[PDB]
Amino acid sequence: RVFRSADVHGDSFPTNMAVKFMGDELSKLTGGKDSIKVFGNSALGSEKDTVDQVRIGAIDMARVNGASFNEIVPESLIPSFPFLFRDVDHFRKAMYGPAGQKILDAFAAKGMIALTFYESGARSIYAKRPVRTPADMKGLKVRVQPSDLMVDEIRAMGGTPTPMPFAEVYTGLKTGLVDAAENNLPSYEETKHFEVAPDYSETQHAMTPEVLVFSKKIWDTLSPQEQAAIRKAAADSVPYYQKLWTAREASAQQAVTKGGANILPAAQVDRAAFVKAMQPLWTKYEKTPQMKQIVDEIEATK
């Protein structure tokens, strides 16, 4: 069969490519038969829309950002904690290890098989002015993802958060509904947010992963062999994604700078002030002993 999968990005974006790559792998490991069609550009709805559809089995899979599960899977809050990961190497070692698996395992109770994470860089503020310190955030109308944690993060930074679907952000910035948002560089480039919010300040406040989920209702009708093939194709798509993503982070920086954007480097930003303001949120979002244990396991990963 053709499995249907959702994504907010366009057809050439690394996430879409990775899942399409996964699709090609599946079609060999099943011999021509099975495949994945990726519906890009939010065609199937917002990330939250598409998560709900996966849960009820209206669609087979979605590639979405970790924050899109924050009201559903408590463990998904964790990798979105502000300043949790020290760097890319830490993210990788922690998330592709036993602690990341515990997070993935948590989705099953909520009607989803979480197949894999993909890295998503670090998210940073961008606006019509630069931002070095929480004082600079005051008065900015900052779009965030529809997540209570992300709302609180931007408030803790000093901005006024406003939840909006990914697809609507470019227009929101144009019309002045919002004058700021936050994301990684490749997203900053792809959506052309850089043309309306040309000041990118590397606050690097979160490193939320992408998660690839499969409908448990559909999953449970498959054989163990088919299930294993699907897990295998997913795992194999990660190194492929990594090659594209590593390159895209670098090229996106070049592209946006050539197009007028000004990146304020991480060292220029008062990380300590942001960390102090945001750190209380960990305790706020540790809902269970199980969550505490995972956070501590991640912190302990060196």
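Just count from 1 along the sequence shown to find any residue number.
**Q** Out of 292 to 300 and 4 to 12, which one has CA B-factors that are higher on average in the deposited record?
**A** Taking the mean C-alpha B-factor of 292 to 300 and of 4 to 12, the larger value falls to 292 to 300.
**Q** Select between 146 to 154 and 166 to 174 the stretch whose C-alpha atoms have the higher average B-factor in the entry.
**A** For C-alpha atoms only, the mean B-factor is higher in 166 to 174.
**Q** So if I compare the CA B-factors in the entry for 63, 48, 248, 28, which one is the largest?
**A** Comparing C-alpha B-factors across 63, 48, 248, 28, the maximum falls on 28.
**Q** Comparing recorded Cα B-factors across 265, 40, 32, 57, which one is largest?
**A** Comparing C-alpha B-factors across 265, 40, 32, 57, the maximum falls on 32.
**Q** C-alpha B factor of residue 183, ranked within the chain: lowest, middle or highest third?
**A** Bottom third by C-alpha B-factor.
**Q** Pull the Cα B-factor of residue 278 out of the PDB entry and bin it into the chain's lowest, middle or highest third.
**A** According to the entry, residue 278 has a C-alpha B-factor in the chain's highest third.
**Q** Compared with the other modelled residues in the chain, in which third is the CA B-factor of residue 112?
**A** Answer is lowest: the recorded C-alpha B-factor places it there.
**Q** For residue 68, return the chain-relative third of its C-alpha B-factor as stated in the PDB record: lowest, middle or highest.
**A** Tercile = lowest for this residue's CA B-factor.
**Q** By its CA B factor, does residue 104 count among the lowest, middle or highest third of the modelled residues in the chain?
**A** Ranked within chain, residue 104 CA B lands in the lowest tercile.
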